[PDB]
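To begin, one chain is listed below as structure tokens, in the form deposited in one PDB entry.
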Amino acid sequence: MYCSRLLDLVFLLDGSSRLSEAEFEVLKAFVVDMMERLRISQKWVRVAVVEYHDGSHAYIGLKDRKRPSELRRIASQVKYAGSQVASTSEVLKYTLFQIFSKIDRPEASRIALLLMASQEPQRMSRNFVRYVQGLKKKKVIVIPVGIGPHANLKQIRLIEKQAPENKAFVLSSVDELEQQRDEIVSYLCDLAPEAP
């Protein structure tokens, strides 16, 4: 059902043309359905929403003090970006050096939900593993969710291999997002500590 624990969840949305405008709406929906099943609060589950192409568009920050309802709305209002490339390396790097530059909330697990539907050019993957290892060194769990037949499988397998908690969810389409939404929310919640 619902998650009331200490967690810092970062939604990373593939912003490539690999996802149609309509498909990206399904993705954004799943993200909002998720926020609905999380206890969004600075004392419980904090959320950040970022859409990624060549760069990152941060719509919600973990420190953003806005009513959950407001945050779910902002999420639903995430502009579609049909870029030819959505750099996973760049988002993890951005997640690493920007989002988790400092760990202000050690009492919370950190999960980077990497919703991916594309595959960046190899030259962009050069430091891929190094970024995933850097995240691991801040204890930021990286959960990869493959969507569609273009989601970088190599990188998905590679992320699972970097750390034991990095579990992957490989879906055939944004339509499976809803069917698995609950198992995904459960897993992420179970990687978080309840609070006393």
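Throughout, we count residues from 1 along the sequence that is shown. Between two forms, the rigid core is the largest collection of C-alphas that superpose within 1.5 Å. Only residues modelled in both forms are compared.
Stretches 74-82 and 120-128 differ in mean CA B factor, with 74-82 having the higher one.
Judged by mean Cα B factor in the deposited record, 59-67 ranks above the other of 131-139 and 59-67. When the C-alpha B factors of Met35, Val49, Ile156, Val26 are read from the deposited coordinates, the top value falls at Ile156. Among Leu177, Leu19, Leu188, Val10, the highest C-alpha B-factor in the deposited entry belongs to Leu19. For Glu107, the recorded CA B-factor ranks within the middle third of the chain. Only modelled residues enter the ranking. When all modelled residues of the chain are sorted by CA temperature factor, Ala163 is found within the lowest third.
In the PDB entry, a CA B factor belonging to the highest third of its chain's modelled residues is recorded for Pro149. In the PDB entry, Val170 places in the middle third of its chain by CA B-factor.
Residue-level temperature factors show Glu183 in the middle third of its chain, judged at the C-alpha atom.
Not on display, but discussed next: the form deposited with a partner chain bound.
Although the partner is absent from this view, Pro68 stays clear of the partner chain in the deposited complex, with no non-hydrogen atom inside 4.5 angstroms. At the 4.5 Å threshold, heavy atoms of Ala58 reach the partner chain in the deposited complex. The partner chain is not drawn, but in the deposited complex it has no heavy atom within 4.5 Å of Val85. With a 4.5 Å cutoff on heavy atoms, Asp54 counts as touching the partner chain in the deposited complex. Using a 4.5 angstroms heavy atom cutoff to the partner chain in the deposited complex, all of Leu6, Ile74 and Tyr94 count as contacting. Fitting the two forms on their rigid core shows CA movement of 2 Å or more between the shown form and the other one over just one run of at least three residues, at 41-43.
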